[PDB]
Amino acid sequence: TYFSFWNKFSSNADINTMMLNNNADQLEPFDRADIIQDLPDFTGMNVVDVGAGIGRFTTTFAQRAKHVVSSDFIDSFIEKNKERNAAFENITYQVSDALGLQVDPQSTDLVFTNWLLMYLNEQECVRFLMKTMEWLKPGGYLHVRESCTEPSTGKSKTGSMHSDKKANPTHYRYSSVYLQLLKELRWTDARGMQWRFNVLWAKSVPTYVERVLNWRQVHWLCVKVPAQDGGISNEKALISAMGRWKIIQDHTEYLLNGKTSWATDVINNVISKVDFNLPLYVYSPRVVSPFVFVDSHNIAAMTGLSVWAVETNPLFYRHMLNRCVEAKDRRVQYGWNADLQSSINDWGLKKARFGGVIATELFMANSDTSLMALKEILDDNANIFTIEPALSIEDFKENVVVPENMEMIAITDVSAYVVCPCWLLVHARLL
C-alpha cells in the first residue's frame, strides 16, 4: 500500500525523504526554483498544495499567496510542515488522502502537485484529476510533476532512498501517458458546462537534467478552459486509454529505435557552414512522416550550442526524451507543446530569445499568425532553416505566406538528399 510505504518514513520528516534522495541538499533549492519559476504569478492566489509533505513548496507559496491549503496523508509530515511554516498565518493544514481532501468548488486558483500521480492507481489518477476540475475556478491552474519511466535518481540509483531489499510500489508511467490523460480529460460541472485542461507545455526539470542526467522528471502546467467538444469524459474509458497509450508508445519505440532522420544529411551540411551566445530553437512536428525530424543531438555536437527542441506529437516527444537519456548531452532539452504558438506563448512570457531556428515542416504545420509571432522569441535577424515537403517549388511559393517580418532568401530543391516526393530547404532571415 502507498500509505504504509510513506508512513514508514514518519520519523524522517526532512528534505531527503521528500525527494527520496540521500543527497537532496545538492538538489532541493534548484528543483524548487525550477518549478516555482515555471508557475504563474501566484500573488493573491488561493493555492492548494496536495501531497505537500513537510511543505517545501508551501513555504514558498505562503510568501505571496492569499491562502495555502497544505495537505498530506502522513500526519507527521504535516506536523513538520506546521513547525517549519509556523510564522505564516495564511496556511491551513489537512491530514487527508488527496482523494478525500475537502475543498470548496470553484474556490482555487492553483492546484499544485509535485510527485503524486505516481502513488495513485489509474482509477485514482482519473478521480483525482476530476476533483481538481471541481476545485478550480475557470481559468485556474493545475501543476503536475511525475517521475516517468524510472525513479528520479535514475539507473545509477546514486543517493536513492529506495531499499534494494524491498519492492518499490511506485508507478513510473510514460510521460506521453500523463500528457494524453491531461489532454483528453473532460469534466462537466453542476450547471452542465464541460471543461478540459489546456495543457500549456510539458518540460523536464532542468536540475535533474543537469545534476542527475535524468530528462524524465517531467512536469506540466494546465489551465481549466471551456470545452464543448470532447476528448474522453467517461472515467472507465479514460482508465482504459492509459493502457492503450502505453501500448501505442511501445510500438512507437519499436518503430523509431535506431532510425536516423531522413533530413539529417541536408541539415548537417548547411549547419556545418553557419555561425549562429544564445540557445538554438528546434521544431519537429512530423506531419508527413515519423522519420522526418531534426536530430537535435547532432545540432548540439556540431554547433556547441544549447538546443531547445519542440515535438508536438506526444509519442515522438517521449521517444526523444529516451534519446536524451541515452545521449547524456546536457546541451539538449526537449519540450512538448500543442503547436508553435503554444511554445511562442511560453517563451515569450519568459522574454527568452533564441539565436536561430532549425526545423522540419515549420511552414507545413503552422498558421500564418503563429509564423508571424515567431519573431517574438528570436534574436534580431536570426536565421531560420526549415526542411519543407511540397508538390514543387511553384506549389510551395504559391499559397505559402511569407511573414511580413522575414524574407526567404533561398528555396532550394533538396529532394535527392531527403530519402530513406519533393523536399525544399527554406532559408529565411528576420528583417
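Just count from 1 along the sequence shown to find any residue number.
Counting the unmodelled positions of the deposited sequence between residue 420 and residue 421 gives a long gap of 10 or more residues. Where coordinates are absent for parts of the deposited sequence, a chain break appears; between neighbours residue 276 and residue 277 it spans 1 to 3 residues. Mean CA B-factor, 394 to 402 versus 52 to 60: the higher value falls on 394 to 402. The stretch 229 to 237 shows the higher mean C-alpha B-factor when 88 to 96 is compared against 229 to 237 in the entry. Listed residues 290, 151, 105, 206 were ranked by CA B-factor as deposited; 105 comes out on top. Set against one another, the Cα B-factors of 319, 131, 330, 297 in the record reach their highest point at 131.
For residue 361, the recorded CA temperature factor ranks within the lowest third of the chain's modelled residues.
Among the modelled residues of its chain, residue 346 has a C-alpha B-factor that falls in the middle third according to the deposited record. Among the modelled residues of its chain, residue 379 has a C-alpha B-factor that falls in the middle third, as given in the PDB entry.
Ranked against the other modelled residues of its chain, the C-alpha B-factor of residue 416 as given in the entry falls in the highest third. Ranked by Cα temperature factor within the chain, residue 211 sits in the lowest third according to the deposited record.
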